[PDB]
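Here are two versions of the same chain, shown separately as structure tokens and labelled structure 1 and structure 2.
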Structure 1
């Protein structure tokens, strides 16, 4: 349920973004200029919102823009994320100037979110004009899935997207579905846009085996490094400079939907290659046979990926989820947010799942099996 994105509403987001910029200009933070750089992203977001308002210049156009489903979600998401950043600095206090602190980590998570939100608004409203109903999903087979389940929709709730995906590619557990939500829902707004879908389907192509490619290359592959700057890629591989063929692959916030493979050359240098619009596992296979990519993260064992041409533990999914904003999500269903607290154990889940559990004669807490002495309605945030 979102309010209409009228001029007054869009303007509140700017004022909130202004506080986040003022907060992030403190020199005791020492933010590296490396992207995502919040001090550039927030003004660039204001500028695009301005460029959009310049196209919907009269009351007739503003009314059309206000009721745009994706735009209403965008403004509310931008506003909520902006308020979260202000709140993060308030509660964090001096922990915002300790680089290794969880409050700082949470700010890094938001910077990635604001960065993905900018690339999204720029792809959905290129030159300030709506083109979501004209967005071209890069892989035809992936596009055909979106068209079948979601028609011309630019964005659909994660709850809806997940059940439709399961119909084509089975999701085997709640934790696997939670890892999937953090991978695809990059803007952390509980919706999947056609842009986020295009990102995911380009990275883990081909569509035919998409979840096998994701489960292997991102959840369990030792060379997978999630988003990194080139500075972080070189610092990781630096310890293996004396081992030619050592490699890692990372996502890049300035090249969404593409992989960057960093590797050690025969002469000790750390270089990188951006693969074409082809499966990342094929570039790793060709690279291994040619002698360029042999040691993932400097490790001697290179997983045989040829199985992807012709099982993930719950713990592996849990570790993969750490960078995500899914703590507020019920782990049982991975589709409703946690809205109830068990007492005295304290485990949280959604009321729908607790009800399904009690109705199945499940003994005690679904998680720890301890007696439910009582329950309490609660609201959870990803950074709790």
Structure 2
């Protein structure tokens, strides 16, 4: 029954994020759509598992156990936020509030993950098809049909193929791949990471140069946050930053200041991120990452 206490905690978060003092923007990730849509897909799951055996098998499904826990954990966390923050949660620019945006981002990724792992409410994690063949092979060789793996084990296996240089690189990596922030990597999270920092063959070097050392890279930011941040640099066209698309997981969203002072965001589709950044740089659109002068040379990744 732990799914019932999870809904109560979620309902509270929603009820609590409905407080119109927040002036929340209907813009993905929008918590007032995400949490009820999550309860709904959870409804859809319980209804597809319609008798006691099916409910028993579900209760033993490892991914689902981790999911419901995470979701309790995270729902508890958002409640804790509002209790500790109180007044600060009405301040657009408080850290308590940024924390809530982060959590909204986490719920959005969790929502999309459950719709990929339980499409229509039926479990198909063991048949999730990884998008890239090299990454696919790798998940296969080490984890077969698992839907979800603990970080440490993921890390140990990854390291046998693509070596991690140090502890803090491992931590920066975890933080990049563990989008749901539950200290596990699902096949879905892995699909996303391997799409973002393709090709598989040079994957950690791609991440190193596109994320770990790149000033333009923004972790856990929204569309609205990108726009507000580049607003500071609107007198310096060519200012840009990039991040994970929230509504098109596995792809990047590039935000830039145009010559006329507009903030546009664009999503590469065929072109991998590095070519998009080389192409943009050379035509004057992507010159100043996060408003800064030094723009990393990415030509070596071709």
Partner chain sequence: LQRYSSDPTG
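The term rigid core refers to the maximal set of C-alpha atoms that superpose within 1.5 Å between the two forms. Numbering follows the first chain given and starts at 1.
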query: Of these two, which one is the form solved without the partner chain?
result: 1
task: Superpose on the rigid core and name the single residue from 234, 104, 139, 72 whose Cα moves by 2 angstroms or more between structures 1 and 2.
output: 234
message: Aligning on the core only, does the CA of residue 292 end up 2 angstroms or more away between structures 1 and 2?
response: yes
Per-residue C-alpha change between structures 1 and 2, residue 243, threshold 2 Å, rigid core fit: yes
Residue shift check between structures 1 and 2, rigid core fit, residue 126 Cα at least 2 Å: no
statement: Superposed on the core, the Cα displacement of residue 266 between structures 1 and 2 in Å comes to 8.2
field: Cα shift between structures 1 and 2 at residue 301, which is computed once both forms share a superposed rigid core (Å)
entry: 6.0
field: Distance moved by the residue 182 C-alpha between structures 1 and 2 (core-aligned, Å)
entry: 1.2
